[PDB]
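Structure file query19.cif (mmCIF, N, CA and C atoms) follows.
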data_run
#
loop_
_atom_site.label_atom_id
_atom_site.label_comp_id
_atom_site.auth_asym_id
_atom_site.auth_seq_id
_atom_site.Cartn_x
_atom_site.Cartn_y
_atom_site.Cartn_z
N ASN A 56 2.42 4.38 4.41
CA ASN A 56 1.00 4.21 4.11
C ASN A 56 0.75 2.73 3.83
N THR A 57 0.46 1.98 4.89
CA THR A 57 0.27 0.54 4.76
C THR A 57 -0.34 0.01 6.05
N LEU A 58 -0.86 -1.22 5.96
CA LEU A 58 -1.37 -1.94 7.12
C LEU A 58 -0.52 -3.16 7.46
N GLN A 59 0.58 -3.37 6.76
CA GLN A 59 1.39 -4.57 6.95
C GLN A 59 2.29 -4.41 8.17
N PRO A 60 2.19 -5.28 9.18
CA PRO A 60 3.14 -5.20 10.29
C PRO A 60 4.57 -5.42 9.81
N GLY A 61 5.49 -4.63 10.36
CA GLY A 61 6.89 -4.73 10.04
C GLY A 61 7.33 -3.98 8.80
N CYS A 62 6.40 -3.40 8.04
CA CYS A 62 6.78 -2.63 6.86
C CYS A 62 7.52 -1.36 7.26
N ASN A 63 7.08 -0.71 8.33
CA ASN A 63 7.74 0.51 8.79
C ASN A 63 9.21 0.25 9.11
N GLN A 64 9.48 -0.82 9.85
CA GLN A 64 10.85 -1.11 10.26
C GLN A 64 11.75 -1.37 9.06
N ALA A 65 11.30 -2.24 8.15
CA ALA A 65 12.10 -2.57 6.98
C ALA A 65 12.33 -1.34 6.11
N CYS A 66 11.29 -0.54 5.89
CA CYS A 66 11.43 0.62 5.02
C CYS A 66 12.35 1.66 5.63
N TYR A 67 12.24 1.89 6.94
CA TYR A 67 13.16 2.83 7.58
C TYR A 67 14.59 2.33 7.50
N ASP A 68 14.80 1.03 7.75
CA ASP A 68 16.15 0.49 7.69
C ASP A 68 16.74 0.63 6.29
N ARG A 69 15.91 0.44 5.26
CA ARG A 69 16.41 0.59 3.90
C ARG A 69 16.70 2.05 3.57
N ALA A 70 15.85 2.97 4.05
CA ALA A 70 16.02 4.38 3.71
C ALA A 70 17.25 4.98 4.38
N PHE A 71 17.51 4.60 5.64
CA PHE A 71 18.59 5.18 6.44
C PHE A 71 19.41 4.06 7.05
N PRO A 72 20.26 3.40 6.26
CA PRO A 72 21.06 2.30 6.81
C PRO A 72 21.91 2.72 8.00
N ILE A 73 22.52 3.90 7.94
CA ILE A 73 23.28 4.46 9.05
C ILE A 73 22.86 5.91 9.22
N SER A 74 22.52 6.30 10.44
CA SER A 74 22.11 7.66 10.70
C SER A 74 23.27 8.63 10.47
N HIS A 75 22.92 9.85 10.04
CA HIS A 75 23.95 10.86 9.80
C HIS A 75 24.77 11.13 11.05
N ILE A 76 24.10 11.19 12.20
CA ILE A 76 24.77 11.59 13.44
C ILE A 76 25.88 10.61 13.80
N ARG A 77 25.61 9.31 13.65
CA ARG A 77 26.63 8.32 13.99
C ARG A 77 27.81 8.38 13.03
N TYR A 78 27.54 8.57 11.74
CA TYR A 78 28.62 8.74 10.78
C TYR A 78 29.48 9.95 11.15
N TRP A 79 28.85 11.06 11.54
CA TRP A 79 29.61 12.26 11.87
C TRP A 79 30.41 12.08 13.15
N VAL A 80 29.85 11.38 14.14
CA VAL A 80 30.60 11.12 15.37
C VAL A 80 31.82 10.26 15.07
N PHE A 81 31.63 9.21 14.27
CA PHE A 81 32.76 8.37 13.87
C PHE A 81 33.81 9.20 13.14
N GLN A 82 33.38 10.06 12.22
CA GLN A 82 34.33 10.89 11.48
C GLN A 82 35.11 11.80 12.41
N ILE A 83 34.43 12.43 13.37
CA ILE A 83 35.10 13.37 14.26
C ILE A 83 36.15 12.66 15.10
N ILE A 84 35.78 11.52 15.69
CA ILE A 84 36.74 10.78 16.51
C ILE A 84 37.92 10.32 15.66
N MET A 85 37.64 9.77 14.47
CA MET A 85 38.71 9.27 13.63
C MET A 85 39.65 10.39 13.20
N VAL A 86 39.11 11.56 12.87
CA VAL A 86 39.95 12.67 12.46
C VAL A 86 40.78 13.18 13.63
N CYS A 87 40.24 13.11 14.85
CA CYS A 87 41.03 13.51 16.02
C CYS A 87 42.10 12.49 16.39
N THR A 88 41.94 11.24 15.96
CA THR A 88 42.86 10.18 16.38
C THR A 88 44.34 10.50 16.14
N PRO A 89 44.76 10.95 14.96
CA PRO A 89 46.21 11.17 14.75
C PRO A 89 46.83 12.16 15.72
N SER A 90 46.09 13.21 16.09
CA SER A 90 46.59 14.13 17.10
C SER A 90 46.78 13.42 18.43
N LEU A 91 45.86 12.51 18.78
CA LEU A 91 46.03 11.71 19.98
C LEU A 91 47.28 10.85 19.90
N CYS A 92 47.53 10.24 18.74
CA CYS A 92 48.74 9.45 18.56
C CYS A 92 49.98 10.30 18.80
N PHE A 93 50.01 11.49 18.20
CA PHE A 93 51.17 12.37 18.35
C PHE A 93 51.36 12.79 19.80
N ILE A 94 50.27 13.14 20.48
CA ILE A 94 50.38 13.59 21.87
C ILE A 94 50.86 12.45 22.76
N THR A 95 50.33 11.25 22.55
CA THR A 95 50.74 10.12 23.37
C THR A 95 52.20 9.75 23.11
N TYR A 96 52.64 9.85 21.85
CA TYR A 96 54.05 9.62 21.56
C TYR A 96 54.93 10.66 22.25
N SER A 97 54.51 11.93 22.23
CA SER A 97 55.28 12.96 22.91
C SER A 97 55.37 12.69 24.40
N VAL A 98 54.26 12.27 25.01
CA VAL A 98 54.27 11.94 26.43
C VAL A 98 55.22 10.77 26.70
N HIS A 99 55.17 9.75 25.84
CA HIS A 99 56.04 8.59 26.03
C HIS A 99 57.51 8.98 25.92
N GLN A 100 57.84 9.88 24.99
CA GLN A 100 59.24 10.24 24.79
C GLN A 100 59.84 10.86 26.04
N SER A 101 59.08 11.72 26.72
CA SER A 101 59.55 12.37 27.94
C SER A 101 59.18 11.51 29.14
N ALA A 102 60.19 11.04 29.87
CA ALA A 102 59.97 10.19 31.03
C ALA A 102 59.20 8.93 30.65
N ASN B 56 -5.26 -3.70 1.71
CA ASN B 56 -4.11 -3.46 2.57
C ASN B 56 -3.62 -2.04 2.33
N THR B 57 -4.17 -1.10 3.08
CA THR B 57 -3.84 0.31 2.90
C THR B 57 -4.39 1.11 4.07
N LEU B 58 -3.87 2.33 4.22
CA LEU B 58 -4.38 3.29 5.19
C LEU B 58 -5.09 4.46 4.54
N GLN B 59 -5.22 4.46 3.22
CA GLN B 59 -5.79 5.59 2.51
C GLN B 59 -7.31 5.57 2.62
N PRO B 60 -7.94 6.61 3.17
CA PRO B 60 -9.41 6.66 3.16
C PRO B 60 -9.95 6.68 1.74
N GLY B 61 -11.01 5.91 1.51
CA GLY B 61 -11.65 5.85 0.22
C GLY B 61 -11.08 4.83 -0.74
N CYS B 62 -9.94 4.21 -0.42
CA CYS B 62 -9.37 3.21 -1.31
C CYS B 62 -10.26 1.98 -1.40
N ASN B 63 -10.85 1.57 -0.28
CA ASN B 63 -11.72 0.40 -0.28
C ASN B 63 -12.89 0.60 -1.24
N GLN B 64 -13.54 1.76 -1.17
CA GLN B 64 -14.71 2.01 -2.01
C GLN B 64 -14.33 1.98 -3.49
N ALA B 65 -13.27 2.69 -3.86
CA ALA B 65 -12.87 2.74 -5.26
C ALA B 65 -12.47 1.37 -5.77
N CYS B 66 -11.70 0.62 -4.98
CA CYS B 66 -11.24 -0.68 -5.44
C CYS B 66 -12.40 -1.67 -5.56
N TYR B 67 -13.34 -1.65 -4.61
CA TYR B 67 -14.50 -2.51 -4.73
C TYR B 67 -15.31 -2.15 -5.97
N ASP B 68 -15.52 -0.86 -6.21
CA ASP B 68 -16.30 -0.45 -7.37
C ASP B 68 -15.63 -0.89 -8.66
N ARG B 69 -14.30 -0.80 -8.72
CA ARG B 69 -13.59 -1.23 -9.92
C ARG B 69 -13.65 -2.74 -10.09
N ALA B 70 -13.57 -3.49 -8.98
CA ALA B 70 -13.52 -4.95 -9.08
C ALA B 70 -14.88 -5.53 -9.47
N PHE B 71 -15.97 -4.96 -8.95
CA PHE B 71 -17.32 -5.48 -9.16
C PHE B 71 -18.22 -4.33 -9.60
N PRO B 72 -18.12 -3.90 -10.86
CA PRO B 72 -18.97 -2.79 -11.31
C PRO B 72 -20.45 -3.06 -11.14
N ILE B 73 -20.89 -4.29 -11.42
CA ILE B 73 -22.27 -4.70 -11.21
C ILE B 73 -22.25 -6.06 -10.53
N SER B 74 -22.99 -6.20 -9.44
CA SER B 74 -23.03 -7.46 -8.72
C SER B 74 -23.69 -8.54 -9.57
N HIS B 75 -23.23 -9.78 -9.39
CA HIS B 75 -23.79 -10.89 -10.15
C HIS B 75 -25.29 -11.01 -9.92
N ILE B 76 -25.74 -10.81 -8.68
CA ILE B 76 -27.13 -11.05 -8.34
C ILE B 76 -28.05 -10.11 -9.12
N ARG B 77 -27.67 -8.84 -9.24
CA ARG B 77 -28.52 -7.89 -9.96
C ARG B 77 -28.55 -8.21 -11.45
N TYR B 78 -27.41 -8.60 -12.02
CA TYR B 78 -27.40 -9.02 -13.41
C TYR B 78 -28.32 -10.21 -13.63
N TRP B 79 -28.30 -11.18 -12.72
CA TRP B 79 -29.13 -12.37 -12.88
C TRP B 79 -30.61 -12.03 -12.71
N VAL B 80 -30.94 -11.13 -11.79
CA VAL B 80 -32.34 -10.71 -11.64
C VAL B 80 -32.83 -10.04 -12.91
N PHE B 81 -32.01 -9.13 -13.45
CA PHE B 81 -32.37 -8.47 -14.70
C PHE B 81 -32.57 -9.49 -15.81
N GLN B 82 -31.66 -10.47 -15.91
CA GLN B 82 -31.77 -11.48 -16.95
C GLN B 82 -33.06 -12.29 -16.80
N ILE B 83 -33.39 -12.67 -15.57
CA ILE B 83 -34.58 -13.49 -15.35
C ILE B 83 -35.84 -12.73 -15.76
N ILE B 84 -35.95 -11.48 -15.31
CA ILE B 84 -37.14 -10.70 -15.66
C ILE B 84 -37.22 -10.48 -17.16
N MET B 85 -36.09 -10.13 -17.79
CA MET B 85 -36.10 -9.88 -19.23
C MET B 85 -36.48 -11.13 -20.01
N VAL B 86 -35.97 -12.29 -19.60
CA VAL B 86 -36.29 -13.53 -20.29
C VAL B 86 -37.76 -13.88 -20.10
N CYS B 87 -38.33 -13.56 -18.93
CA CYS B 87 -39.75 -13.82 -18.72
C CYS B 87 -40.64 -12.84 -19.49
N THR B 88 -40.12 -11.67 -19.86
CA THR B 88 -40.95 -10.64 -20.48
C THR B 88 -41.74 -11.12 -21.70
N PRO B 89 -41.15 -11.81 -22.68
CA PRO B 89 -41.95 -12.20 -23.87
C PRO B 89 -43.17 -13.04 -23.54
N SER B 90 -43.07 -13.93 -22.56
CA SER B 90 -44.24 -14.69 -22.14
C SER B 90 -45.31 -13.76 -21.59
N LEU B 91 -44.90 -12.73 -20.84
CA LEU B 91 -45.86 -11.74 -20.37
C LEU B 91 -46.53 -11.02 -21.54
N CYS B 92 -45.75 -10.66 -22.55
CA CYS B 92 -46.33 -10.02 -23.74
C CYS B 92 -47.38 -10.92 -24.37
N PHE B 93 -47.05 -12.20 -24.55
CA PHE B 93 -47.98 -13.13 -25.18
C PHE B 93 -49.25 -13.29 -24.34
N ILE B 94 -49.09 -13.43 -23.02
CA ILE B 94 -50.25 -13.62 -22.16
C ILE B 94 -51.15 -12.39 -22.17
N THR B 95 -50.55 -11.20 -22.11
CA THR B 95 -51.34 -9.98 -22.12
C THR B 95 -52.04 -9.79 -23.45
N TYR B 96 -51.38 -10.15 -24.56
CA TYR B 96 -52.04 -10.09 -25.86
C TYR B 96 -53.22 -11.05 -25.91
N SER B 97 -53.05 -12.27 -25.38
CA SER B 97 -54.15 -13.23 -25.36
C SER B 97 -55.31 -12.70 -24.54
N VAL B 98 -55.03 -12.08 -23.40
CA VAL B 98 -56.09 -11.50 -22.58
C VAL B 98 -56.80 -10.39 -23.35
N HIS B 99 -56.03 -9.54 -24.04
CA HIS B 99 -56.63 -8.45 -24.80
C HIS B 99 -57.53 -8.99 -25.91
N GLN B 100 -57.12 -10.07 -26.57
CA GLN B 100 -57.90 -10.60 -27.68
C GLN B 100 -59.29 -11.01 -27.22
N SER B 101 -59.39 -11.67 -26.07
CA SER B 101 -60.67 -12.12 -25.54
C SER B 101 -61.28 -11.01 -24.69
N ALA B 102 -62.42 -10.49 -25.13
CA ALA B 102 -63.10 -9.41 -24.42
C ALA B 102 -62.18 -8.20 -24.28
#
Using structure tokens, write down the structure from this file.
Amino acid sequence: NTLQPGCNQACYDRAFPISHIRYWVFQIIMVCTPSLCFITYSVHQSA
Amino acid sequence: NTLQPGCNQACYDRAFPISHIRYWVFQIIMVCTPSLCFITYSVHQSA
């Protein structure tokens, strides 16, 4: 509720510094990473 | 600086409850009144 240009952008950035979806995507990939490490090590060990 | 309907009216009314011009008009007429009283009394006295 304002007439000031740029207030919307600053206020949204302050309210939601990082969106939930991006945090969750990062978490999912990071949590899957160790399984990838183990699988790649297993592949390397054989041949 | 707002998007709220009616904010302009309320804020103007609070800032300037009575305009200077109307106060000055009232003052001028009121200050002239006693001379009017004296003149009308003088007219009444004669005839």
Requested in this report: Step one, run DSSP on the backbone; step two, keep only residues of chain B assigned to helix (DSSP H, G or I); then write them as a VMD selection string.
Outcome: chain B and resid 62 to 70 75 to 100
Requested in this report: Given the file shown, determine the residues that the PyMOL selection byres ((chain B and name CA) within 8 of (chain A and name CA)) selects; report them as a ChimeraX atom specification.
Outcome: /B:56-59
Query raised in the report: Just how far from atom CA of residue 82 of chain B is atom CA of residue 70 of chain B, in Å to one decimal?
Result: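 A separation of 20.9 Å between them.
Take atom N of residue 74 of chain B and atom N of residue 91 of chain B: the distance between them is 25.5 Å.
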